[PDB]
2 protein chains.
Amino acid sequence: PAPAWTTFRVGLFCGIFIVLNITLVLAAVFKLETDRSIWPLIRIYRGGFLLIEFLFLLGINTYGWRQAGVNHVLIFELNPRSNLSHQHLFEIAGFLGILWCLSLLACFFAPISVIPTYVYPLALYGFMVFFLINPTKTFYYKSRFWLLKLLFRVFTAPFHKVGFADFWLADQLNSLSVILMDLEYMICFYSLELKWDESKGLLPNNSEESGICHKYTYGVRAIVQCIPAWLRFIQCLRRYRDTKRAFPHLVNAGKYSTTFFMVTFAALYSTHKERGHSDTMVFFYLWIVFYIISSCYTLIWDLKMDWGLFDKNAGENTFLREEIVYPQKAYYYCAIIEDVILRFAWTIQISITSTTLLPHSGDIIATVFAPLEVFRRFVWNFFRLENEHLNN
Amino acid sequence: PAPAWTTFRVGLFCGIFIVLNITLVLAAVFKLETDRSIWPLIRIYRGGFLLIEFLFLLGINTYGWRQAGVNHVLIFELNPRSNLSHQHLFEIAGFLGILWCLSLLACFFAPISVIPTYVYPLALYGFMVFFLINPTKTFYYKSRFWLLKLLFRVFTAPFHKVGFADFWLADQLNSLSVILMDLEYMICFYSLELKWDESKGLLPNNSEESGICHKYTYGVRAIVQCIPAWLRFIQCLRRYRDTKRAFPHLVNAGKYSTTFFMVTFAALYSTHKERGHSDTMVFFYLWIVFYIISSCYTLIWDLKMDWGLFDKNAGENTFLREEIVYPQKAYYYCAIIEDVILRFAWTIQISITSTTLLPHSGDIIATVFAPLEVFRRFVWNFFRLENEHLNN
């Protein structure tokens, strides 16, 4: 039984977040001057928005798991006597939303300072990380260090054994590639083009230094995008080498290997089109070919093995598995169809992120389609854990 | 314990109220011009602010009552199957505070509208009164219906039997004469003063006919002040008539008629000042006397019977009673020290809001001195019902 103080905190945070969003929308529509470049602001705050949203739906997921009766503490090897309820996740999400809204509003108005408007985002991300790395024995002194340990163990995956938590968190990271992409963008912007000992902050894009972060002449953007795929590929390879069972781990390695071919081919087509080479169209051709070969194959891995659906022993449960726990079948069907639709959109977003086509529109497309695969992951987790619980 | 939805609603409403208050303060500091008169607006919203503060303090009172272990249900003679915890009062107070802030902000800014400022208070108070008298079976139907029934019982006190709750709310209304005075000010302003078939709203007015609501006319200012005094007076007269006890029911007659004497002398003094007679200062002298015989008499009623301190069997509890249920006597000492200060100020406020003196500064004193008698009565309730429980 959660104390009422937690629920009161949840309500307080939700209300403050709601009004801050409303007033920030009003300030955006009214106070913003239209000539000044605005895109860097969204490219900076998109990561914060994505993380906050993901935390919220993770809380929803754990509440749903607890209500459905799926014993998840044992399969997560979590401590039964010390576990996090959804209310705490809601408080964390609300507090982060409050700080993000305040930071964006302060950047928007900027009454007075020494540096005009480019001081708040760094302090904001610093507050986030200091919350993450808090060494005191407070603020859920169990969850923070546990998450830090899991993150460090994932970051050095090829040496330690891989469990359920390891690959679960790795795949969750696989859907937040926009986080690290925007992080690298902010480093590149703040290190090379931005003059810290300067004023203003509306440098024209006609300048030669402009768009350097947008260009791929260094070639590290593709790598920084495909880190999670590499991590997952090497974890599944290590799992195979440990257990010596070829079929599942090799298929998983293939599914996670298609994406390096994706990004490498997209980058090569990009450099050949900017170089004006005569035969730039063939790499586009095999680009769509790899599109199909990756999408169709991640689809079959998702629907066949992950959820155990479309099985020939379905029986009376047509279009589902013989044994189910969630009573609403329409939720199953909607999840399948939406999963299919957004699977292609996810790799569309990857391609636009790593291709640098349509500078006017590509940023907008990435922005709109970023907060959708996170929703897909949220809905996916339900059925992944129900299947794993039934298998166990 | 209430369902967590209750606490969540309480937190949400409190947070939105805090954020609305702070943004209203910022807008007033920034947007408002100093030259333009603002006093009518604050005189309008004072009543709503006082009511909201009263509801909050009532919630705190009932929480403390339940915690201290006093059997308040029997003493109020309320049904045990339907009682309101502090959280319900908290959510109602937060809701009304939300609409109060929203209406004040709408009056303040008025970005796009047809009627600038002179419809919102009417709509707010109308919705409040409709909420009070909504005949449907929702939104705490029993509490509102019971309160309406007991209000009807109180307003016909000379005919109906008087009880504990009757005189309790009679006293609460006595300390809340400010809302009645402000309501009559609004009524006369809306009927005769304000310019209806015009625009903008408040405009500088220097004519003699302006400020008639600031004037006493003939008696329209004193009588509204002494409505609570007259009501409590006739309640005590009927009580004496039914039980036939001399001491308390006859001293309370002077208790509630001394304020009548004071307001009448205030009216005569203000009229003499308008006439400018030489003998006027004479009525000033007895004024102070008729000031004194009010406050120090009311005081000797409170500490001796209602709270019942200064008992001859005080013993170890210095200047207190021999039996105290509250843990610390520090609250008792604080109450005793604050009662004397706020009682005199209460009488001063009753004098000033009726004598129509100090035109440019008296209203400021009235505004600042309105929201403390509510706090005084909030302090009073604890000890009053505690002593009543001990008497029972």
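Residues numbered from 1 in each chain as written, not as in the entry; some residues may be left out. Chains lettered and ligands numbered in written order. Heavy atoms only, no water.

What the deposited record gives as its method is cryo-EM, and the resolution it gives is 3.68 Å.

Draft legend 1. Structural view of the state of the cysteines. All names here are of chain A. Taken as a whole and judged by the stated rule, the model has two disulfides over all chains. Here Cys188 connects covalently by a disulfide to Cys213, the sulfurs 2.0 Å from one another. On the sign convention where negative means left-handed, the S-S torsion of about -105° between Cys188 and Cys213 marks this disulfide as left-handed. Of this pair, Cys188 sits in helix 7 (residues 177-193) while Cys213 sits in the loop between helix 7 and helix 8 (220-243), and the two are 25 residues apart along the sequence. With relative accessibility at 11%, the residue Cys213 sits in the buried group. (Disulfide = S-S within 2.5 Å. Helix = DSSP H or I, 4+ residues; strand = E, 2+ residues; numbered from the N terminus. Buried < 20%, exposed > 50% of the residue type's maximum accessible area, 1.4 Å probe, protein only.)

Draft legend 2. Geometry of the relation of the copies chain B and chain A. Of the transformation placing chain B onto chain A, the axial shift is 0.3 Å and the rotation is 180°, giving an RMSD of 0.8 Å. The operation mapping one copy onto its partner corresponds to a two-fold rotation axis. Of all interface residues in chain B, 100% are interface residues in chain A too; the two copies therefore contact each other through one and the same surface. (Least-squares fit on C-alpha atoms. Contact = heavy atoms within 4.5 Å.)

Draft legend 3. Inspection of helix 5 (residues 143-155) of chain A at higher detail. All names here are of chain A. Over its 13 residues, helix 5 extends 18 Å from the first C-alpha to the last, a length consistent with the 18 Å expected when each residue adds 1.5 Å. For helix 5, the set of buried residues is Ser143, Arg144, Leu148, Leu150 and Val154. Here the buried residues of helix 5 occupy an arc of 165° about the axis, which is enough to place them on one side. (Expected span 1.5 Å × (residues − 1). Arc of directions from axis to C-beta.)

Draft legend 4. Fine view of the nonpolar core. Of all hydrophobic cores here, the largest spans 49 residues; its most connected members are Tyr45(A), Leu96(A), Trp100(A), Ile16(B), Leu20(B), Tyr45(B) and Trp100(B). If you list the elements that add at least two residues to this core, you get helix 1 (4-31), helix 2 (39-68), helix 3 (86-109) and helix 4 (120-132) of chain A together with helix 1 (4-31), helix 2 (39-68) and helix 4 (86-109) of chain B. For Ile16(B), the contacting residues outside a window of four places in its chain are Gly15(A), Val19(A) and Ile98(B). If you look at the next biggest cluster of nonpolar residues, it comprises 38 residues, including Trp307(B), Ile324(B), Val379(B) and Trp380(B). (Core = buried A, V, L, I, M, F, W, Y, C linked by side-chain atoms within 4.5 Å.)

Draft legend 5. Region of interest: the UniProt feature "binding site: phosphate" in chain A. All names here are of chain A. Sequence positions flagged by UniProt for "binding site: phosphate" are, in local numbering, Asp171, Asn174, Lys255, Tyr256, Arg343, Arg376 and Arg377. Mapped onto the elements, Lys255 comes out in helix 9 (residues 246-274). According to the relative accessible area criterion, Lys255 is buried, its value standing at 13%. Not counting chain neighbours up to four residues away, the residues in contact with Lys255 comprise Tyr297, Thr298 and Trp301. Along the chain, the position of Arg377 falls in helix 12 (residues 359-391). In this view, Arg377 contacts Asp171, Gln172, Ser175 and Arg343; residues no more than four positions away in its chain are not counted. (UniProt positions renumbered as here; feature names shortened; annotations may be inferred.)

Draft legend 6. The interface of chain B and chain A, seen in detail. Listed by partner, the interface residues are eleven residues for chain B and eleven residues for chain A. Interface area, chain B with chain A, both sides summed: about 870 Å², of which 88% is carbon and sulfur. Taken together, the connections running from chain B to chain A amount to zero salt bridges. If you look at where chain B meets chain A, you find two residue pairs in polar contact. Of the residues contributing to the side of chain B that touches chain A, the split by class is eight nonpolar, three polar and no charged. (Buried area = accessible area lost by both parts, 1.4 Å probe. Salt bridge = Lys/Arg side-chain N within 4 Å of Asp/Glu carboxyl O. Polar contact = N/O pair within 3.5 Å; in protein donor to acceptor, adjacent residues only side chain to side chain. Nonpolar A, V, L, I, M, F, W, Y, C, P; charged D, E, K, R; others polar.)

Draft legend 7. Molecular detail of a nonpolar patch on the surface. On the surface, a nonpolar cluster with roughly 730 Å² of combined accessible area is contributed by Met281(A), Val282(A), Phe284(A), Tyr285(A), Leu286(A), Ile288(A), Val289(A) and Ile292(A). When you line up the elements, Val289(A) lands in helix 10 (residues 280-306). (Patch = residues over 30% accessible without salt bridge, like charges linked within 9 Å, V, L, I, M, F, W, Y side chains within 5 Å. Areas by Shrake-Rupley, 256 points an atom, 1.4 Å probe, with all protein chains shown as cover.)

Draft legend 8. Focus on the pattern of salt bridges. All names here are of chain A. The full count for this structure, using the stated rule, is 18 salt bridges over all chains. Close ionic contact of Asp363 with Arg43 constitutes a salt bridge, the shortest N to O distance being 3.7 Å. Separated by 320 residues along the polypeptide, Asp363 in helix 12 and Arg43 in helix 2 bring together distant segments of the chain. We classify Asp363 as buried; its relative accessible area is 12%. A residue is classified by how much of its surface remains accessible, and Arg43, at 9% relative accessible area, is buried. Taking the shortest distance from any N to any O, the salt bridge between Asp171 and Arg377 comes out at 2.5 Å. Pair noted here: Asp171 is in helix 6 (residues 164-174) and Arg377 is in helix 12, with a separation of 206 residues, a long-range link. For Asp171, a relative accessible area of 4% gives the class buried. Here the salt bridges share partners, and the residues they tie into one network are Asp302, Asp339 and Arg343.

Draft legend 9. Region of the structure containing empty space enclosed by the protein. Residues and elements named next belong to chain B. On inspection of all chains with the given rule, the structure shows twelve cavities of 30 Å³ or more. If you add up the space inside the largest cavity, you get close to 220 Å³. As for the largest cavity, its lining consists of 19 residues, of which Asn174, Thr259, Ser294, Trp346 and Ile350 are closest to the centre. When residues of the lining of the largest cavity are traced back to their parent elements, those giving at least two are helix 7 (164-175), helix 9 (222-243), helix 10 (247-275), helix 11 (280-306) and helix 12 (330-355). Taken together, the residues of the lining of the largest cavity break down into seven nonpolar, nine polar and three charged. (1 Å grid on protein atoms, 1.4 Å probe; cavity = no way out; pocket = protein on both sides within 12 Å on 5 of 7 lines; lining within 4 Å. Points joined across faces, edges and corners; volume = space filled by probe spheres on them.)

Draft legend 10. View of the packing of helix 6 of chain A against helix 8 of chain A. Residues and elements named next belong to chain A. It is the contact of helix 6 with helix 8, at a shortest axis distance of 9 Å, that shows an interaxial angle of 155°. With respect to each other, helix 6 and helix 8 are oriented roughly antiparallel. Seen from above, helix 6 lies across helix 8 with left-handed handedness. Across the interface between the two elements, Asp166, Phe167, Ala170, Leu173 and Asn174 of helix 6 pack against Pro228, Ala229, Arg232 and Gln235 of helix 8. Looking at side-chain class alone, the contact of helix 6 with helix 8 contains five nonpolar, two polar and two charged residues. (Axes fitted to C-alpha atoms, helices over the stretch in contact; angles between N-to-C directions. Parallel < 35°, antiparallel > 145°, perpendicular 65-115°, else oblique. Left-handed = near helix turned anticlockwise from the far one by under 90°.)

Draft legend 11. Expanded view of the packing of aromatic side chains. If you walk through the whole model with that rule in mind, you get 53 aromatic pairs over all chains. Pairing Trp65(A) with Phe382(A) gives two aromatic rings, centres 6.5 Å apart and planes at 80°, and the pair type is edge-to-face. Of the two residues, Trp65(A) is situated in helix 2 and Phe382(A) in helix 12; the sequence distance between them amounts to 317 residues. One exposure class covers both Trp65(A) and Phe382(A), and it is buried. Looking at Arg377(B), its charged tip hangs above the ring of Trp380(B), at a distance of 4.3 Å from the centre. (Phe/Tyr/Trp six-rings, centres within 6.5 Å; stacked < 30°, edge-to-face > 60°. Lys NZ or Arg CZ within 6 Å of the ring centre and 35° of its normal.)

Draft legend 12. Inspection of unusual backbone geometry at higher detail. Residues and elements named next belong to chain A. If you check the backbone angles, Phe139 has positive phi at about 55° while not being a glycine. Assignment of secondary structure puts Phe139 in the loop between helix 4 and helix 5. Residue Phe139 is classed as exposed on the basis of its relative accessible area, which comes to 56%. Phi at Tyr140 is positive, roughly 60°, even though this residue is not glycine. Relative to the assigned elements, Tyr140 resides in the loop between helix 4 and helix 5.

Draft legend 13. Representation of the environment of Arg343(A). All names here are of chain A. Along the polypeptide, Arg343 turns up in helix 11 (residues 329-355). C-alpha separation for the pair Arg343 and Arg376, spaced 33 residues apart in sequence, amounts to 8.7 Å. Here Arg343 is in contact with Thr298, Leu299, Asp302, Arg376 and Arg377, once residues within four sequence places are set aside.

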